[PDB]
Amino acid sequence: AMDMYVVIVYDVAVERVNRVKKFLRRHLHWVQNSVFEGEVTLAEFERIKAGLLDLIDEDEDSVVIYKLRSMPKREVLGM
């Protein structure tokens, strides 16, 4: 995590969700539907945040960016 590690989850209306997905695929690892994660610099986090704000309707959509010190441990069920 050069500066930090993020996990991003999003709940975006159907008219906008697939543009958010395509943008985040250019910056982070796709985990499953509407979940991305990866290491970022502080400047890259600012650019991700600014890109998301341009694509979402802030009265309708919700993006949660968890900010972590390094890649978190996880357990996968299924898959």
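Throughout, we count residues from 1 along the sequence that is shown.
The stretch with the higher mean CA B factor, choosing between 51-59 and 64-72, is 51-59. Annotation for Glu37: CA B-factor lies in the lowest third of the chain's modelled residues. In the deposited entry, the Cα temperature factor of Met2 sits in the top third of values across the chain's modelled residues. Split the chain's modelled residues into thirds by C-alpha temperature factor. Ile8 is in the lowest one.
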